[PDB]
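As a starting point, one isolated chain is supplied in structure tokens, in the form deposited in one PDB entry.
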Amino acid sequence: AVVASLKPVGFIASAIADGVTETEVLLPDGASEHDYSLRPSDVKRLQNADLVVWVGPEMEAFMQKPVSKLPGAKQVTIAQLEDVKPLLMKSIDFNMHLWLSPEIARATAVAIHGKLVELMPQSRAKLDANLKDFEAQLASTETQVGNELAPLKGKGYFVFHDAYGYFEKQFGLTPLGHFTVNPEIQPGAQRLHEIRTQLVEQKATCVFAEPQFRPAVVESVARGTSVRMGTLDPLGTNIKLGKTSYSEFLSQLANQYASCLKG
């Protein structure tokens, strides 16, 4: 099996490995990439994996130590791939939400493919086909997502999690910035004043919460203002692993944006 750190990383892995081997994801649905510790049993899961795919030490802090017990030959460490490094964005220290970049997703898929071919040369033909099928899917999706978000150019929005920079830049979306907010408690008066001022001064169209946010949080932020409330899921909790899962994840995100922004 290929073991991926986070679910969308698993979506990319499962496209290349479909019909050759299994793909498992380490981070459970609902968990945060920034606040997690691996299970006691994951140690054996990593040792048995054919391949471990992760972003890198600036993203999955929960994997630094366990990954040092693995040869670099077993790893696809996306942030440190030669073709990924020139693609890294700041951030105004790079933004490490790489699985949201169709071009880094392609570089990731090439790396996975290269390595599975070495380990399973008998499955070369299937692996080659899976890479070709992944490219075809992703290019159709890029076209669809591009068409979807183009009429939304110029509509400014804020988000509560700075995870979307690679996606936004490729598809011409107008983010205004992000806010650092507690997902669990209602914002107090100060934080509400600072946010709502920006919402009004910058004439925001939307604020986007995330699934792990209890509804009353964003509702409190939006109260009074004419700003609409949306939801984005950067980890595609909703979507099941499989051949078409990465393309599905990107389309769902574009729909989430459009569902609030169209208007």
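For the two forms, the rigid core is made up of the largest set of C-alpha atoms that agree within 1.5 Å on superposition. Sequential numbering from 1, following the sequence displayed. Only residues modelled in both forms are compared.
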Would you say residue 91 is commonly dropped, meaning unmodelled in a third or more of the other compared entries that have residues on each side of it? yes
Continuity check for residue 92 and residue 93, given as deposited residues lacking coordinates between them: 10 or more
On average, which has the higher Cα B-factor in the deposited entry, 18-26 or 5-13? 18-26
Quick check on the record: does 212-220 or 35-43 carry the larger mean Cα temperature factor? 212-220
Going by the deposited entry, which of 119, 78, 109, 100 has the highest CA temperature factor? 119
Residue set 145, 159, 185, 139, per-entry CA B-factor max assigned to 185
Among modelled residues of the same chain, the CA temperature factor third for residue 73: middle
Relative to the other modelled residues of the same chain, rank the CA B-factor of residue 60 and answer lowest, middle or highest third. middle
In terms of the chain's CA B-factor thirds, is residue 129 lowest, middle or highest? middle
For residue 165, the third of its chain into which the C-alpha B factor falls: lowest
Residue 51 - Cα temperature factor, lowest/middle/highest third of chain: middle
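One more form of this protein, deposited in another entry, exists but is not displayed; see below.
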Mobile residue between this form and the one not shown, C-alpha criterion 2 Å or more, rigid core, from 191, 126, 178, 106: 191
On a rigid core superposition, would residue 214 pass a 2 Å threshold for CA movement between this form and the one not shown? yes
Closer or farther in the other entry: C-alpha pair residue 183, residue 168 (3 angstroms or more): closer
What changes in the other entry is the Cα distance between residue 36 and residue 184, by 3 Å or more; the two atoms are closer
So which segments really shift between this form and the one not shown, if a segment has to be 3 or more residues long and each C-alpha must move 2 Å or more after the rigid core fit? 180-195, 212-221
